[PDB]
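Listed below, chain by chain, are the residues.
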Amino acid sequence: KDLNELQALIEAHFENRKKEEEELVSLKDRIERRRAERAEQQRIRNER
Amino acid sequence: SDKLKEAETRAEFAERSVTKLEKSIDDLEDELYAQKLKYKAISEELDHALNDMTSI
């Protein structure tokens, strides 16, 4: 039962850190969106 | 005229600083992305190890 509870919590924190990694990936994605939008608006400013 | 020259110089300095800061923040974001990629790779390897350990 020790092994059972331990593997249970292992898979549990697996899932938790996995959700956190998904959130961080979405963060990186919106981050690259922010990079692209800052790039285009900066470039527009520089064009003018 | 003196005030105008001062203001123009300040503007040029600030613009160059903003350019450098933008480049640096982009580079550091790239580095963080790379380290996250390494962490995810080893995490997927450990997840495969856990999948096999489910049979252990």
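Residues numbered from 1 in each chain as written, not as in the entry; some residues may be left out. Chains lettered and ligands numbered in written order. Part of a larger assembly, values for the part shown. Heavy atoms only, no water.

- Under the PDB entry, the name given to chain B is Tropomyosin alpha-1 chain, and the organism recorded is Mus musculus.

- Going by the annotation in the PDB entry, the name recorded for chain A is Isoform 6 of Troponin T, cardiac muscle, with Mus musculus given as the source organism.

1. Some details on a negative patch on the surface
- On the surface, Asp 29 and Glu 32 of chain A together with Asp 30 and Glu 31 of chain B cluster together to form a negatively charged patch.
- At the level of secondary structure, the elements contributing two or more residues to the negative patch comprise α1 (2–47) of chain A together with α1 (2–54) of chain B. (Patch = residues over 30% accessible without salt bridge, like charges linked within 9 Å, V, L, I, M, F, W, Y side chains within 5 Å. Areas by Shrake-Rupley, 256 points an atom, 1.4 Å probe, with all protein chains shown as cover. Salt bridge = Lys/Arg side-chain N within 4 Å of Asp/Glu carboxyl O. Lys, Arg positive; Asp, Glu negative; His and termini not counted. Charge placed at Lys NZ, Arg CZ, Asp CG, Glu CD. Helix = DSSP H or I, 4+ residues; strand = E, 2+ residues; numbered from the N terminus.)

2. Observations concerning the interface of chain A and chain B
- Every contact between the two is made by ten residues of chain A and, on the other side, eleven residues of chain B.
- Summing the contributions of chain A and of chain B, the shared interface buries around 900 Å²; its carbon and sulfur component is 70%.
- Of all residues in chain A, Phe 14, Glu 21 and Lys 28 of chain A give up the largest surface area on contact with chain B, accounting jointly for 44% of the area buried on that side.
- Where chain A meets chain B, there are one salt bridge.
- For the salt bridge of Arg 17 of chain A with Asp 47 of chain B, the shortest nitrogen-to-oxygen distance reads 3.5 Å.
- Connecting chain A to chain B are one residue pair in polar contact.
- Grouping the amino acids of the side of chain A that touches chain B by side-chain chemistry returns four nonpolar, one polar and five charged. (Contact = heavy atoms within 4.5 Å. Buried area = accessible area lost by both parts, 1.4 Å probe. Polar contact = N/O pair within 3.5 Å; in protein donor to acceptor, adjacent residues only side chain to side chain. Nonpolar A, V, L, I, M, F, W, Y, C, P; charged D, E, K, R; others polar.)

3. Some remarks on the side chain of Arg 17 of chain A
- Mapped onto the elements, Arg 17 of chain A comes out in helix α1.
- On the accessibility criterion, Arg 17 of chain A (14% relative accessible area) is buried.
- From its side chain, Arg 17 of chain A meets the backbone oxygen of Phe 14 of chain A in a polar contact 3.0 Å long.
- Filtering out sequence-adjacent residues up to four positions away, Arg 17 of chain A remains in contact with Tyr 39 and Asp 47 of chain B. (Buried < 20%, exposed > 50% of the residue type's maximum accessible area, 1.4 Å probe, protein only.)

4. A look at the packing of α1 of chain A against α1 of chain B
- With their axes 11 Å apart at the nearest point, α1 of chain A and α1 of chain B run at an angle of 155° to one another. Of the possible angle classes, the one that applies to α1 of chain A and α1 of chain B is roughly antiparallel. Crossing of α1 of chain A against α1 of chain B: the hand is left-handed. Here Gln 7, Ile 10, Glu 11, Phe 14, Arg 17, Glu 21, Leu 24, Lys 28, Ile 31 and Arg 35 of chain A of α1 of chain A come into contact with α1 of chain B, specifically with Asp 26, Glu 29, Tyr 33, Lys 36, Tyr 39, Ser 43, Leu 46, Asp 47, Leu 50, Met 53 and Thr 54 of chain B.
- Looking at the contact of α1 of chain A with α1 of chain B residue by residue, the class counts come to nine nonpolar, three polar and nine charged. (Axes fitted to C-alpha atoms, helices over the stretch in contact; angles between N-to-C directions. Parallel < 35°, antiparallel > 145°, perpendicular 65-115°, else oblique. Left-handed = near helix turned anticlockwise from the far one by under 90°.)

5. Digging into the pattern of salt bridges
- For the structure shown, the criterion picks out eight salt bridges over all chains.
- Across the pair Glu 21 of chain A and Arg 17 of chain A runs a salt bridge, and its minimum N-O distance is 3.1 Å. Note that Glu 21 of chain A and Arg 17 of chain A are positioned in helix α1 at a spacing of four residues, about one turn of the helix. Both residues of the pair, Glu 21 of chain A and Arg 17 of chain A, count as buried.
- The structure contains a network of salt bridges with shared partners spanning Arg 17 and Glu 21 of chain A together with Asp 47 of chain B.

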